[PDB]
Amino acid sequence: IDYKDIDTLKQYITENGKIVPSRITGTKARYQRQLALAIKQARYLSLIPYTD
Amino acid sequence: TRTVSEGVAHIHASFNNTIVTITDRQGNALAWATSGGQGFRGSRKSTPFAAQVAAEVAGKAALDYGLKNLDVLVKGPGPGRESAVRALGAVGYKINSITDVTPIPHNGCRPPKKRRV
Amino acid sequence: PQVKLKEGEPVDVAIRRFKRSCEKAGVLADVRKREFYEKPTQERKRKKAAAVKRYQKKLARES
Amino acid sequence: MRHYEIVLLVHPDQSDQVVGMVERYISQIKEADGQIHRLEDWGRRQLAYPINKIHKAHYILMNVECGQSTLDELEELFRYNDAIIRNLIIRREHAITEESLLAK
Amino acid sequence: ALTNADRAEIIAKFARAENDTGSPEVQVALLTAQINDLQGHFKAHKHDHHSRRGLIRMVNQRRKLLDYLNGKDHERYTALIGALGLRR
RNA sequence: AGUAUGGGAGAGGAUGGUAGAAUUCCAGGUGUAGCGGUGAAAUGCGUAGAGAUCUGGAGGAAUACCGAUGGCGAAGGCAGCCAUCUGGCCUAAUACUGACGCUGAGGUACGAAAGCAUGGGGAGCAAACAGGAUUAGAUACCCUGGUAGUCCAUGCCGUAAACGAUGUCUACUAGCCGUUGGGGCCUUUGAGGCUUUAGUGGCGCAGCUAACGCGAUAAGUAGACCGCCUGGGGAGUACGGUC
Ligand SMILES: [Mg+2]
Ligand SMILES: [Mg+2]
Ligand SMILES: [Mg+2]
Ligand SMILES: [Mg+2]
Ligand SMILES: [Mg+2]
Ligand SMILES: [Mg+2]
Ligand SMILES: [Mg+2]
Ligand SMILES: [Mg+2]
């Protein structure tokens, strides 16, 4: 999971842009942490929105 | 004098009062009403009825500009947020969309202290 | 939310759908949370209680 | 020398000057010593949110191997280059040469 | 941060036998090298108390090893301190 | 007990930069009567135009979601993103030293918040203080404002229900169910099932306990060293000394 895989990043983002919890999505701890980091990087680089 | 076909409606709903301001696009104001201003000046300002009356009067006032379709943005908590859109529909505006715009700080400023009542 | 409305959508049903979308979003609880500042010790105690309740719920379901 | 990945956003009006700036940056790495493993130009893209009232920007990504000097020199070039609007530098272990998604 | 080549050179200089990496001479030489290296860092960061604890641990371990070597054989201890330039 | 070499996870520490949301204030546009607050009110703000909405600007402080009897650190404690310097921990095999170890009176290092000295900064919150309410009285709880402080640099201060109310180290003593970081083995439908190790949780046999309860993370069975207590008040007080 990288910051350049916008499709898989979107698959774990709600309509409002918030990050879905692991308990709901079904992922593991390491993947969840890596993917949160990737989402933050993409938000900074403006590939994905912060909100809305 | 001015004639506009489409506009926006802003509902500032709080725990003590509800303000309904109908503006044009780009945010220039056209009409505004308040639950407390439209009578019901007491603890009843926060009741849904006052919000409905405010929305009705605001819509009737704004009808002079020939607005038929409205977009609704609702801000914050408080009873009467739902009543405003119902009153707008009753007075006859066609609601294109309804959206929520309540601000959410990302752990910014420190809020006030807890009340001990 | 951005609940776009169909041509024949009634206002009441539209408002019901908007309320459902807002409930799913959870903005109201976030707004409530920031009304008063809560101290870190109280927050930690609340989270501990929540975790204790959650584990008991899981065990009860498994039983 | 360590491995670095650099992503740059460029103002659209200076999109024609991107070739010169990338060429100069590459020449600096090569003359210092360095090793340039990847260089991709994603092209114009609409931003998720406006930055400085700009709604579209040109994206350029590059993977290089260099030293601390070459580095701080490149960061100060990006600092003082007006065309560059936002940059991200991530350290990496070992070099990546495979074509990346969003290439074109 | 000392490198693998530097550590290997130190071990080659102070090795008493082939594949000897656990002798007091080699251990004390490596500890002395790393202690000297960290001094540069600790002027640039006077308030890195968390790392200063590891530095103090290194110093204590070097002292224990030197005491053991001195107790078991004086000539080796004197030669080691002379080569490493340490007071005691 | 320690050392060399390959991998792994982490809000561990220090210095610099940077990004988004929000509050406050300042100008401009639309626009005209309330806004705000409580149990109800009132003080306060507004027709030299408030509140509401839109555009632009200034500055400070903290980093939503992820987030989790999750993680790391000797303790205190550590949360956005990126770079630089840097400590510890886990994990496989081989190869080295050969008891090099445990504890620790004095001593010494670190040590939340508040407070202190110098210089800077100050959005929001807020001791003190002022006003409006409640009450028989209100020096309070409630409401409207609001200073020190909370922030930064360099030092001092040595304190907390600084708590697991449980000093450190070592060996042994039924089982069952979670979860975090690794090692190994077996199936296939690409994710599962068994083991072992180091952490972190829920039950529970024996044993222990005045009882409550603890129970391989012991308060069980044994060893080594240290600190501490001897009815309740006077009292962590006076005198003397040190800082
Ligand atoms: Mg209040
Ligand atoms: Mg000791
Ligand atoms: Mg007050
Ligand atoms: Mg500092
Ligand atoms: Mg004490
Ligand atoms: Mg504590
Ligand atoms: Mg005690
Ligand atoms: Mg005293």
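No hydrogens, no waters, no symmetry mates; every other heavy atom, side chains included, goes into these values. Numbers restart at 1 for each chain; the letters A, B, ... are given by sequence-line order, proteins then strands.
Across all strands shown, nothing is found opposite F:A218 as a Watson-Crick or G-U wobble partner with both distances under 3.5 Å. The base-pairing partner of F:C203, taking Watson-Crick or G-U wobble contacts with both distances under 3.5 Å, is F:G175. Judged by Watson-Crick or G-U wobble contacts below 3.5 Å, the nucleotide F:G240 has no partner. For F:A21, there is no paired nucleotide, since no Watson-Crick or G-U wobble pair has both relevant distances below 3.5 Å. Across all strands shown, F:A112 remains unpaired; no Watson-Crick or G-U wobble contact has both distances below 3.5 Å. Shown here, F:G51 forms no base pair; nothing in the strands shown gives a Watson-Crick or G-U wobble contact with both key distances under 3.5 Å. As the counterpart of F:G223, F:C169 is assigned, both hydrogen-bonding distances of the Watson-Crick or G-U wobble pattern falling under 3.5 Å. The partner of F:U91, taking Watson-Crick or G-U wobble pairs whose two distances both stay under 3.5 Å, is F:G6.
A salt bridge links C:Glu38 and C:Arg46; the closest N-O separation between the charged side-chain nitrogens and carboxylate oxygens is under 4.0 Å. Between B:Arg81 and B:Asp100, at least one side-chain nitrogen of the basic residue sits less than 4.0 Å from a carboxylate oxygen of the acidic one, meeting the salt-bridge criterion. Between E:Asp67 and E:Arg63 a salt bridge is recorded (basic side-chain N to carboxylate O distance below 4.0 Å). One finds no salt bridge joining C:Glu23 and C:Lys19 here, because no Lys/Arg side-chain nitrogen approaches an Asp/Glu carboxylate oxygen to under 4.0 Å. The existence of a salt bridge linking D:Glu40 and A:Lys4 is excluded, since no basic side-chain nitrogen approaches an acidic carboxylate oxygen closer than 4.0 Å.
Judged by ring centres closer than 5.5 Å and planes tilted by less than 30°, the bases of F:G215 and F:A216 are not stacked on each other. With centres closer than 5.5 angstrom and planes tilted by less than 30 degrees, the six-membered rings of F:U196 and F:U197 count as a stacked pair. Using a cut-off of 5.5 Å between ring centres and 30° between planes, the six-membered base rings of F:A79 and F:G80 fail to qualify as stacked. The six-membered base rings of F:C141 and F:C142 fail the test of centres under 5.5 Å apart and planes under 30 degrees, so these neighbours do not stack. Neighbouring nucleotides F:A219 and F:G220 fail the stacking criterion: their six-membered base rings are not both under 5.5 Å apart at the centres and under 30° between the planes.
Taking 4.0 Å as the cutoff to heavy atoms of chain B, we find the contact window on RNA chain F bounded by F:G20 to F:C143.
Here F:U200 is not matched with F:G101 as a Watson-Crick or G-U wobble partner, both contacts being required under 3.5 Å. Here F:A14 sits opposite F:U84 as a true base pair, Watson-Crick or G-U wobble, both distances under 3.5 Å. Judged by Watson-Crick and G-U wobble geometry, where both atom pairs must sit under 3.5 Å apart, F:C45 and F:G87 do not count as a base pair. Nucleotides F:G155 and F:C116 satisfy the base-pair criterion: a Watson-Crick or G-U wobble arrangement whose two donor-acceptor distances both fall under 3.5 Å. With both distances under 3.5 Å, F:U150 pairs with F:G124 in Watson-Crick or G-U wobble fashion. Pairing check for F:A83 against F:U15: the Watson-Crick or wobble criterion is satisfied, both distances under 3.5 Å. The base of F:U18 engages F:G80 as a Watson-Crick or G-U wobble partner, both distances under 3.5 Å. If you check F:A130 against F:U144, you find a Watson-Crick or G-U wobble pair, both contacts below 3.5 Å. Pairing check for F:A191 against F:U187: the two satisfy the Watson-Crick or G-U wobble geometry, each of the two atom distances being under 3.5 Å. Nucleotide F:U30 is annotated as unpaired relative to F:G231 [Watson-Crick or G-U wobble, both distances under 3.5 Å].
RNA chain F is contacted by D:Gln68 of residues 58-74 of chain D, taking any non-hydrogen atom closer than 4.0 Å.
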Test log, rule side-chain contact (heavy atoms from CB on, under 4.5 Å), inputs B:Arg25 and B:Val8: CA-CA 6 Å; B:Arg25 312 273 285 276; B:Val8 164; 4.2 Å; yes
Checking side-chain contact (heavy atoms from CB on, under 4.5 Å) for the pair D:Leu61/D:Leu102: CA distance, chi angles, key distance, verdict? CA-CA 11 Å; D:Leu61 187 153; D:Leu102 290 181; over 6 Å; no
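Comparing the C1' positions of F:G73 and F:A9 gives a spacing of 15 Å, expressed to the nearest Å. For F:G220 and F:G207, the P atoms lie 14 Å apart once the distance is rounded to whole Å. With both ends at atom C1', the span from F:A198 to F:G10 equals 15 Å, rounded to whole Å. Taking atom P on both nucleotides, F:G17 is separated from F:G59 by 15 Å, rounded to a whole Å. F:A112 and F:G158 have their P atoms separated by 13 Å, with the value rounded to a whole Å. For the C1' atom pair drawn from F:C125 and F:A62, the interatomic distance equals 13 Å after rounding to whole Å. Here the separation of F:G164 from F:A126, taken at their P atoms, is 31 Å to the nearest Å. Annotation: F:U230 and F:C141 have their P atoms spaced 44 Å apart (nearest Å).
For F:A174, the torsion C1'-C2'-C3'-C4' is above zero, which places the sugar in the north, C3'-endo range. In terms of the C1'-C2'-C3'-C4' torsion, F:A165 has a south-puckered sugar. The angle is below zero. Sugar pucker of F:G178: north, as indicated by a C1'-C2'-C3'-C4' torsion of positive sign.
Remark: the backbone N or O of B:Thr99 is not paired with any side-chain donor or acceptor of C:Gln2 at under 3.5 angstrom. Not a single donor-acceptor pair under 3.5 Å links the side chain of A:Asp5 to the backbone N or O of A:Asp7.
Looking at heavy-atom distances under 4.0 Å, B:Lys75 makes contact with sugar-phosphate atoms alone, never a base. In this structure, B:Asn16 reaches the bases: a heavy-atom distance under 4.0 Å links it to at least one base atom across the strands shown. Nucleic acid contact class of E:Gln61 (heavy atoms, under 4.0 Å, all strands): sugar-phosphate only.
In this structure, E:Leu38 and E:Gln34 have side chains that are in contact, with non-hydrogen atoms separated by less than 4.5 Å.
E:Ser23 meets the side chain to side chain contact (heavy atoms under 4.5 Å, CB included) test with E:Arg16, E:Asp20, E:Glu25, E:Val26; sequence neighbours excluded.
Taking the ring axis of D:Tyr49 as reference, the NZ or CZ atom of A:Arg43 does not stay both within 45° of it and closer than 6.0 Å to the ring centre.
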